[PDB]
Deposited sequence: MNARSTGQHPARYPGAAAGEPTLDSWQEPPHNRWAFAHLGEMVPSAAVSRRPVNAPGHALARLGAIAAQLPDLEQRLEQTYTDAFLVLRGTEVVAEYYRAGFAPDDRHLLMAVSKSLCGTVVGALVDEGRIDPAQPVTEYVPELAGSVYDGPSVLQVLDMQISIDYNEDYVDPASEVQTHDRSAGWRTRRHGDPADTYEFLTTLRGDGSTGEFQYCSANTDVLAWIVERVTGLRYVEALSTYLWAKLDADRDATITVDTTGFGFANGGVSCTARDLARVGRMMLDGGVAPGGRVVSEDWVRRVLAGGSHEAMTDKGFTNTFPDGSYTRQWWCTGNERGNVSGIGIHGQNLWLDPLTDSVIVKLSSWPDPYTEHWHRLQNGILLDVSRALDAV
């Protein structure tokens, strides 16, 4: 058993509705107003073919930028300097207001929600995960602290296979006989040697954070993400997040939103944690994110080869470079890149053919760093 979870709707029984019961009362009143949460659905456009390139002033400094963006399968690119959009690019077929999957950039959003709850005193990072999710007793999450989950410093046997099993349990792939029923169940099956302290990137960690969020607030993660973050950004559009059969949002990588709206998250980070709709996280939380995690814990050569003094903390990758760059990162080329020096945010949403290779990583970081430097006063 995985304990109490936020009901899909007020008064809903556990796990209700399912694909086979949503047309039945009392589920249908809710389902008829949220069918996309139960059945794959397409948008029928209210609006009746070429790339949109508005690189602005950085074009003179980076003449081959558009070509570089094309080479890295860029779908949406936006540079926010201060409160102003100074550069934009959208591939042919992708509108400026279209939403794009964030993959692991979603993790940085989840960490932000956790941070908001820490500020309220509803979550103490020093406490063990089991203080909030007792049902994780007996799993690899039995012993580690919430902060160790936030910093991903837990050794886990996660063949990266656990990765595909995670997808199947969440609805991202077709289920196989015997698979865990939902994401909560999947998490309870995870094991490790018990060691902690060393960084190990594992998407299961973020879903555990979302589970903690649900237990401390009583809200579905989808709602918590809106209440604690999205609804305070004065966003142009709602964001979306895939949900599993219980309605649990895929916190580790299922959020989709527009490039301009994702930039509002970065703006909030560079504004000390304050957004137009109110404070999202404390100044202290933002400071800790920008400061970075323990360098000694970071042993991922894939990251340190490029960023020797890099680290990871609270669901954000910290380059530790001369500019103090920090970034949310997702496979296939997603970045919510922060450049505090120039008070700028760079959003790059892409679709590389591969989830990750040293090649794409090199090209992508080259673009983000060049764009950042192009914003420097001269």
*Chain regions without C-alpha coordinates, deposited sequence numbering*: 1-4, 53-56, 169-174
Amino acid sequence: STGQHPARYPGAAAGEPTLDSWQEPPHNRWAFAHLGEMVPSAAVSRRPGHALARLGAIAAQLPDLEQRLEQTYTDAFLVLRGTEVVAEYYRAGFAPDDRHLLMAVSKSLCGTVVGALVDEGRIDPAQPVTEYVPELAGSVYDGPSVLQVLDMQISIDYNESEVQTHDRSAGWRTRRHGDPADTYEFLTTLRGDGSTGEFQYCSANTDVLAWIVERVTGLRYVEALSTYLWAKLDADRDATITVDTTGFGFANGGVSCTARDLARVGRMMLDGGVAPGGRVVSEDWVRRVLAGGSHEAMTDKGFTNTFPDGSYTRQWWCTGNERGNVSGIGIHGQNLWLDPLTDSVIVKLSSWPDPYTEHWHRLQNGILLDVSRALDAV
From here on, numbers count along this sequence of modelled residues.
*Would you mind comparing 312-320 and 56-64 for me and telling me which has the higher average C-alpha temperature factor in the entry?*
56-64
_Of 66-74 and 344-352, the one with larger mean CA B-factor_ = 66-74
*Between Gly138, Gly254, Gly171, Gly293, where does the Cα B-factor run highest in the record?*
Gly138
*Which one, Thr217, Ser155, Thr83, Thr240, has the peak C-alpha temperature factor per the PDB entry?*
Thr83
_Chain-relative CA temperature factor third for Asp97_ = highest
*Should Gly194 be placed in the lowest, middle or highest third of its chain by the C-alpha B factor in the entry?*
highest
*Would you please rank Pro26 by its C-alpha temperature factor against the other modelled residues of its chain and give the third it falls in: lowest, middle or highest?*
middle
_Where does the C-alpha B-factor of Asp271 rank in its chain, lowest, middle or highest third?_
middle
*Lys107 - Cα temperature factor, lowest/middle/highest third of chain*: lowest
